[PDB]
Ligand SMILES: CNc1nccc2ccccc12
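Only one chain is included here, represented as structure tokens and corresponding to the form solved without N-methylisoquinolin-1-amine (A1AJ2).
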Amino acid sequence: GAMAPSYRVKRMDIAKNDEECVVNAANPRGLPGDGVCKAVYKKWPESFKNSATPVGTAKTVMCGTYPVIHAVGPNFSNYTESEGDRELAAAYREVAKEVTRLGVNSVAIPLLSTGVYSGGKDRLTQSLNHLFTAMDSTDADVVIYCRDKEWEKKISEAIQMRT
């Protein structure tokens, strides 16, 4: 565990993270995909051996000794708001279980079910609150990665609000 477990946000490519493991915003089929998933495939392609897993789950595959936690959030184009919310909360609970099991002191994590799984809705607050619900009982330093300047400010505000 970290001496003083924290949350931080950075606006940059999660493939360049400075943490002990990474969470991939994966598809259920273990395909290279697009966005974060494609960046993760280019950086850690070995971690996509037998990475397919159902929606609402996380599956860890090593790239050398570096753990890639493939977390599959729901695609809100396909799920109802209710069932999508339940699956999104579940994926983050499975990430917290894997982070704990691995014994890492830090993890790099994107906001699940934003971008192409958002069903065209702004889900910053929904996704980030599920992240906090799962990760608050863990003692890893959490570094959230985003690409948008306005999202950086909103995530930073939400972190600082609760300190």
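The first residue of the sequence shown is number 1, and the count goes up from there.
The form solved in complex with N-methylisoquinolin-1-amine (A1AJ2) is left out here; the points below concern that form.
With the partner removed from view, the residue among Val107, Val36, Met135, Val55 that has a non-hydrogen atom within 4.5 Å of N-methylisoquinolin-1-amine (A1AJ2) in the entry with it bound turns out to be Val36. Heavy atoms of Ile14 reach within 4.5 Å of N-methylisoquinolin-1-amine (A1AJ2) in the entry with it bound, making it an interface residue.
For the chain shown alone, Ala140 is not a contact residue for N-methylisoquinolin-1-amine (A1AJ2) in the entry with it bound, no non-hydrogen atom being within 4.5 angstroms.
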